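Participant: Need a 3D model of the following:
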Amino acid sequence: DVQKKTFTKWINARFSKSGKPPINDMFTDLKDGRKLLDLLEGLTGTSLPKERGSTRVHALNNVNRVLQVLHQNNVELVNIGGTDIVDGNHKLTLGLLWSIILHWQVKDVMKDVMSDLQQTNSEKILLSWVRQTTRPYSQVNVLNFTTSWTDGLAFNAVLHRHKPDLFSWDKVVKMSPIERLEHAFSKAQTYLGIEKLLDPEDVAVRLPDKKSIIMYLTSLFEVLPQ
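Facilitator: Numbering: from 1, shown residues only. Here you go, the structure:
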């Protein structure tokens, strides 16, 4: 309804901005597949075959190429197929457009957004990762990259979460902070190739070195499974 007006505008914007004519009704002019074929051509800088006949067959044919392409671009659609679009299914016609917008714009833009974010909110964005990763683990609460890692619990939680068959979590909560670390470091080492950068005596202290933690933490993460 609203998504109509705006999606129509957006597509029409895409069109005008490249010498191509606009459409009137988005649940019509879109059916025969032609327009969507244009949209994708301009969007991809590619040449796409267009069937000229004005009969259902061709409509389905064109719309199939459209979907075909999206698929080629790793943009698969849930319950959508030629006929849907060819027939004017409101719900799904939009759902398709949005898929395009989402892939070529919205998602595209995110790479840049991260670059802008990656220089400033680095340390902060990595903390919300660890918090989310070790959420399930009750006895683990990470607020920073210093004290929250002293009891050595947080270090294991990170490992465990993505390979619980590696060791017993309850078995850990039992051992001392020193064991808890000697362990994690040893585990990560044997099963992840990650070198034992830190030493327990170094991490189990009032204020442990922030840079050293983050550097080991990032080491772990690189080779971590998800």
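Participant: what's the domain layout of the chain?
Facilitator: 1-100, 119-221 (curated CATH domains).
Participant: What ranges does the protein have for its helices?
Facilitator: Ranges of helices in the chain, per DSSP state H, are 2-16, 34-44, 56-72, 82-87, 90-101, 107-119, 122-133, 153-161, 169-174, 177-192, 200-203, 210-222.
Participant: Out of those, which one sits most buried?
Facilitator: helix 153-161 (a mean of 24; mean count of other Cβ atoms under 10 Å). Any C-beta I mention is one placed from the backbone N, CA and C, and that applies to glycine too.
Participant: Can you show me the CA trace of it as CSV?
Facilitator: Provided in CSV are the C-alpha atoms of helix 153-161 (Å, rounded to 0.1, in the frame of the first residue of the first chain):
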residue,chain,number,x,y,z
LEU,A,153,35.6,-17.8,32.6
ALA,A,154,34.8,-15.5,29.7
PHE,A,155,37.7,-16.8,27.7
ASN,A,156,36.4,-20.4,27.8
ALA,A,157,32.8,-19.4,27.2
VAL,A,158,33.9,-17.9,23.8
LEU,A,159,35.6,-21.2,22.8
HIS,A,160,32.8,-23.5,24.1
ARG,A,161,29.8,-21.7,22.6
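Participant: and that helix, what does it pack onto?
Facilitator: Applying 3 or more Cβ pairs under 8 Å, 6 or more residues apart in numbering; DSSP states H and E, one finds that helix 153-161 contacts helix 122-133, helix 169-174, helix 177-192, helix 210-222.
Participant: among these, which is nearest residue 85?
Facilitator: helix 122-133 (38.0 Å; Cβ to Cβ).
Participant: How far away from the center of its chain is that closest one?
Facilitator: 16 Å (Cα atoms, centre = their mean, to the nearest Å).
Participant: Any chance of CSV for the helices of the chain, columns distance to residue 143?
Facilitator: As requested, those are arranged in CSV below (distance: least, Cβ to Cβ, whole Å):
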stretch, distance to residue 143
helix 2-16, 41
helix 34-44, 45
helix 56-72, 44
helix 82-87, 50
helix 90-101, 39
helix 107-119, 21
helix 122-133, 8
helix 153-161, 10
helix 169-174, 19
helix 177-192, 17
helix 200-203, 16
helix 210-222, 13
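Participant: wait, which of the ones you listed is closest to residue 25?
Facilitator: Here helix 2-16 is closest among the helices of the chain (Cβ to Cβ), at 8.1 Å.
Participant: tell me the angle of that closest one relative to helix 90-101?
Facilitator: Counting by axes from the mean of the first three to the mean of the last three Cα atoms, to 10 degrees, helix 2-16 lies at 50 degrees to helix 90-101.
Participant: quick revisit: save the domains of the chain as CSV, and put in distance to residue 109 too.
Facilitator: Below are these laid out as CSV (distance: least, Cβ to Cβ, whole Å):
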stretch, distance to residue 109
domain 1-100, 14
domain 119-221, 17
